[PDB]
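Coordinate analysis (summary)
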Amino acid sequence: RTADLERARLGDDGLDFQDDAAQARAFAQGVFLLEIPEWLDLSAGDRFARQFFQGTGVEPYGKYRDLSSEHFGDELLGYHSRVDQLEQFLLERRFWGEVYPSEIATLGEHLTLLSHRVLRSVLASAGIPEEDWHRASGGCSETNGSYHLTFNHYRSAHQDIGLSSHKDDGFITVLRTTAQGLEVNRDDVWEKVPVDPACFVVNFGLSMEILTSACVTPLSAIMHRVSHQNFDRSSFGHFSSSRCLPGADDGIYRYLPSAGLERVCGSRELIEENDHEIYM
Ligand SMILES: CC[C@H](C)[C@@H]1NC(=O)[C@H](C[C@@](C)(O)CO)NC1=O
Ligand SMILES: O=C(O)CCC(=O)C(=O)O
Ligand SMILES: [Fe+2]
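Summarised in this report is the structure supplied together with it. (Residues numbered from 1 in each chain as written, not as in the entry; some residues may be left out. Chains lettered and ligands numbered in written order. Heavy atoms only, no water.)

Looking at the site of ligand 1
To keep things clear, this is the line we draw: Nearness is defined per residue: one heavy atom within 4 Å of the molecule or strand is enough. Counted as a polar contact is a pair of N or O atoms within 3.5 Å, where, for protein atoms, one must be capable of donating a hydrogen and the other of accepting one, and residues adjacent in sequence contribute only when both atoms are in side chains. Only the protein chains shown count as cover for residues, and all accessible areas are computed by the Shrake-Rupley method using a 1.4 Å probe. Two kinds of site are reported from a 1 Å grid over the protein atoms alone, namely cavities, where a 1.4 Å probe fits but cannot get out, and pockets, open sets with protein on both sides within 12 Å along at least five of seven lines, and residues are called lining when an atom falls within 4 Å of a point. More than half of a molecule's atoms within 2 Å of the grid points is what it takes for that molecule to sit in a cavity or pocket. Per the convention used, a helix needs a DSSP run of H or I reaching at least four residues, while a strand needs a run of E reaching at least two, with both numbered from the N terminus. Residue polarity follows a fixed list, in which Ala, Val, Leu, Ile, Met, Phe, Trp, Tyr, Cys and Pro are nonpolar, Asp, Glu, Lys and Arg are charged, and the others, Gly among them, are polar.
Taken together, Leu76, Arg82, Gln88, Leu90, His148, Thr150, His166, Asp168, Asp169, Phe239, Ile271 and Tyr279 make up all the residues around ligand 1. Contact distances for ligand 1 include 2.6 Å between an oxygen atom and a side-chain N or O atom of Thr150. One of the side-chain nitrogen or oxygen atoms of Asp169 is found 2.7 Å away from a nitrogen atom of ligand 1. Bound to the protein, ligand 1 loses 99% of the 440 Å² it would expose on its own. With respect to the detected pockets, ligand 1 is housed in the largest pocket. Every element with two or more residues in the shell around ligand 1 is listed here: strand 5 (86-92), strand 6 (146-154) and helix 7 (267-279). In the shell around ligand 1, the residues fall into five nonpolar, four polar and three charged.

Quick notes on the site of ligand 2
Surrounding ligand 2, one finds 13 residues, the nearest of these being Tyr154, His166, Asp168, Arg233 and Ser235. Side-chain polar atom of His166 to an oxygen atom of ligand 2: 3.2 Å apart, as the coordinates give it. Relative to its free-state accessible area of 300 Å², ligand 2 is covered by the protein chains to the extent of 95%. Using a 2 Å cut-off from the grid points, one finds that ligand 2 occupies the largest pocket. Of all elements in the fold, only strand 6, strand 7 (163-166), strand 12 (223-226) and strand 13 (233-241) reach the threshold of two or more residues within the shell around ligand 2. No other element matches strand 13, which puts three residues into the shell around ligand 2. For the shell around ligand 2, the residue count by class is six nonpolar, five polar and two charged.

Structural notes on empty space enclosed by the protein
Put simply, the test is: Grid points are joined across faces, edges and corners, and a volume is the space filled by probe spheres set on the points.
All chains considered together, the criterion is met by one cavity of 30 Å³ or more. The computed volume of the largest cavity comes to approximately 30 Å³. If you go around the largest cavity, the residues you meet are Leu33, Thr177, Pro194, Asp196, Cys199, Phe200 and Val201. Here the residues of the lining of the largest cavity sort into five nonpolar, one polar and one charged.

Overview of the sheet that holds strand 10 (residues 191-192)
The test is simple: Pairing between strands is defined by DSSP: at least two bridges between the two strands are required.
In space, the four strands of this open sheet follow the order 7-12-9-10, with antiparallel pairing throughout. Of all strands in the sheet, those bounded by a partner on one side alone are strand 7 and strand 10. With two bridges joining them, strand 7 and strand 12 adopt antiparallel strand pairing. Within the sheet, the bridge partner assigned to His166 lies in strand 12 and is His224.

Digging into the coordination of the iron ion (ligand 3)
Selection rule: Listed donor atoms are N, O and S within 2.8 Å of the metal (Na, K and Ca: 3.2 Å). As water is not included, a site may look incomplete. Using a 1.4 Å probe on the protein chains alone, a residue whose accessible area is under 20% of its type maximum counts as buried, one over 50% counts as exposed, and one in between counts as partly exposed.
Ligation of the iron ion (ligand 3) by protein atoms is provided by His166 (NE2), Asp168 (OD) and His224 (NE2), these donors lying 2.3 Å from the ion. Look at where the donors of the iron ion (ligand 3) fall in the sequence and you get H-x1-D-x55-H. The burial state of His166 is the same as that of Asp168; both residues are buried.

A word on the layout of surface pockets
As a volume, the largest pocket reaches approximately 570 Å³. Considering the residues around the largest pocket, the lining is formed by 32 residues, among which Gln88, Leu90, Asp168, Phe239 and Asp275 are closest to the centre. For the lining of the largest pocket, the secondary-structure elements that each account for two or more residues are strand 5, strand 6, strand 7, strand 8 (172-177), strand 12, strand 13 and helix 7. Looking at the lining of the largest pocket, the element that brings in the most residues is helix 7, giving six residues. For the lining of the largest pocket, the class distribution of residues is twelve nonpolar, twelve polar and eight charged.

Considerations on the packing of aromatic side chains
Heads up, the rule is: Centres within 6.5 Å are what make two rings of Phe, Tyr or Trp a pair, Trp counting through its six-membered ring; a difference in plane orientation under 30 degrees is then read as stacked, over 60 as edge-to-face, and the rest as tilted. Charge over a ring is defined by NZ of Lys or CZ of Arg lying within 6 Å of the ring centre and within 35 degrees of the ring normal.
Within the structure shown, the criterion is met by 18 aromatic pairs. Geometrically, the ring pair formed by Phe17 and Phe32 is edge-to-face, given 5.1 Å between the ring centres and 70° between the ring planes. In this pair, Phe17 is assigned in the loop between strand 2 (14-16) and helix 1 (20-29) and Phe32 in strand 3 (residues 31-35), connecting sequence segments 15 residues apart. The pair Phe17 / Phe32 is uniform in exposure class, with both members buried. Between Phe52 and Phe53, the aromatic rings sit 5.5 Å apart at their centres with planes inclined by 85°, giving edge-to-face as the arrangement. Judged on exposure class, the residue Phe52 and its partner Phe53 are both buried. These aromatic residues form a ring-pair network of at least three members: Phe48, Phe52, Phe53, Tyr61, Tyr64, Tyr79, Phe89, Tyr100, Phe151 and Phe236. Its end group placed over the ring of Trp190, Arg225 keeps NZ or CZ at 4.0 Å from the ring centre.

Below is the structure:
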């Protein structure tokens, strides 16, 4: 079975769904489709996702295979081979200008500002006072969050699930996928996410679920996975998290209606605990 998702577009007033009920369903499901702006070139990102794992013999992006987590002082970044079919290149915004090719950093900036606009629509729909958005979002209601532009390749020769079931860590994931494999578990049945290369997939992460757990319409971090791939597959995603630097962590908060924000845990703590549960 395949999920019937709502489609939205960024317009003059923010996220535009077909109607208010459609937006309600999309937000309650925790996953929806977002039209890719026509001016936005994704071809360099798509090529990077197809090449990053192939090593320095493959121009212009294969060389990023050689950049392991040590080159960054942050074990989460660089090239990672996972226990599932997936292998990844992960890089946080603070390194894009220095480390990514210039056109890949440009892509990451476009996606940051786009995700910024998406997140502020969601925050307004949740009824959180505007002056709490910055702390509630760890800077992502502006542009001071932590942002990962992450590229994925599924090694079909590996006899694993493509990517185990998990929820994302942060507030918003903007996912660029062009092939089948992504599945979501809204309402206790797994469903394929329909493929539409003219749309991003948008879903919420654990920090959105924590943030809104006490609101009148709590939003959920959708459980999703990538089924076992018989041929190779690639994708990439822009992930927005509470500012989670090694030295400067913005914290994870739950909004208490009529009271304010209360601290739950750290942003890096959440990413580490989540990343443990997925792969072990
Ligand atoms: C360090 C992860 C970063 C915060 C971000 N947050 C996610 O939740 C996913 C995690 C995943 C499943 O892609 C790792 O394999 N990706 C990302 O880039
Ligand atoms: O490759 C995909 O479609 C999903 C990737 C993903 O869910 C992730 O990296 O967290
Ligand atoms: Fe994910």
